[PDB]
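Okay, so here's just one chain, in structure tokens, the form deposited in one PDB entry.
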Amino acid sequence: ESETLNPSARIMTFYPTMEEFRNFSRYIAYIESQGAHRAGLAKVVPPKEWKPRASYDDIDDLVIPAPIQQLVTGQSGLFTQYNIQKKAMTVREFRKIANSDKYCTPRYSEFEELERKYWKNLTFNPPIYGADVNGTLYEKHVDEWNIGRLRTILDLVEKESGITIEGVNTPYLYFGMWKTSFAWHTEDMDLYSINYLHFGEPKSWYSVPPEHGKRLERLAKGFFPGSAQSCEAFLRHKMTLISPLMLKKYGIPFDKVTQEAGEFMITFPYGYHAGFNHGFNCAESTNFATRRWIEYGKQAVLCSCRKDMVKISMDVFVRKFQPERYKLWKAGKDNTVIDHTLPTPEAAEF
């Protein structure tokens, strides 16, 4: 029944009306009822009515505390990205560096051309990424799809323990320029993410279906054996870049999509994704959960080498939503197997 919908696990695009846009968890349950999650990634275009902020002229003086210079080493479609932290700078400062002739977007015809240039010049002229900036660009009273307060069950983490994990249950802002990259990864604890591109040049995405995620890992282990030996989940370091031709070459299924200013992307539990920014832009993101995520959370394979320290205690979730399995789970005898094609239970309404 669920296998029926989006059997090609292709990236789907949604155009919710305002009535649908109002309830966040509801619409997530909906797009999953349509099989959107099978691609690991979905685009959601909000109603033209809606805007999260009246004007982005207010922000040239906002500080980016920890700009990141992205050095990329590799060849033949395989790369490792090293971060070099630069001194703080303002949005105005960043935009100036971004739009400069040294760092700006090259001229091109079709998207495929910008993409080939990206994979050709990835290792040259290392760009700067205004990344992991704590903050939101939502106006205080915007009640729809507010990344600052989506009100999903991920809230049980702060609610129960007071713990906040930056960018995960709090928002992050990402200022990009041409050729700035995000490496292949799933979210921490294999959560969902929501990504809103406030303004600027597009952000292009690659994605691998969760049902084929393990195959991408096998490949990654094979190409980076030293990293594989030192960490059980080295892709969580977010340093590993792998071109579409390489995936194609080794039969890893994947899809592409380009995100325009004013568009949302949703990534789904155990959805590997990666991509790059086209030029100067600004994106806001955080993680979130649904009931379906819980099993992913329980089974998430985490970074063992301490480079990624994000760890959420699953105990509250299993107690509250899997009471019949708590004893079993707590005693390590819970061998539930995950079906990546099933939608979250909240979609029973649909």
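From 1 onward, residues are counted along the sequence shown. Residues that one form lacks are left out of the comparison. Note that the rigid core is defined as the largest set of C-alphas that superpose within 1.5 Å between two forms.
Although not depicted, the form deposited with a partner chain bound is the subject of the following passage.
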Although the partner isn't part of this model, could you tell me whether residue 104 comes within 4.5 Å of the partner chain in the bound PDB entry, counting any heavy atom of the residue? no
Residue 190 versus the partner chain, in the bound PDB entry: is there a non-hydrogen atom within 4.5 Å? no
Evaluate residue 167 for contact with the partner chain in the bound PDB entry, applying a 4.5 angstroms cut-off between non-hydrogen atoms, and reply yes or no. yes
Please run the contact check for residue 174 against the partner chain in the bound PDB entry: heavy atoms, 4.5 angstroms, yes or no? yes
Each of 6, 259 and 265 within 4.5 Å of the partner chain in the bound PDB entry, by any heavy atom, yes or no? no
With the partner chain left out here, work out from 108-116, 214-222, 235-243, 250-258 which stretch has heavy atoms within 4.5 Å of it in the bound PDB entry. 235-243
Considering the partner chain in the bound PDB entry, which of 300, 44, 294, 68 comes within 4.5 Å of it through any heavy atom? 68
With a 2 Å cutoff on C-alpha displacement after fitting the rigid core, which stretches of 3 or more consecutive residues move between the shown form and the other one? 6-8
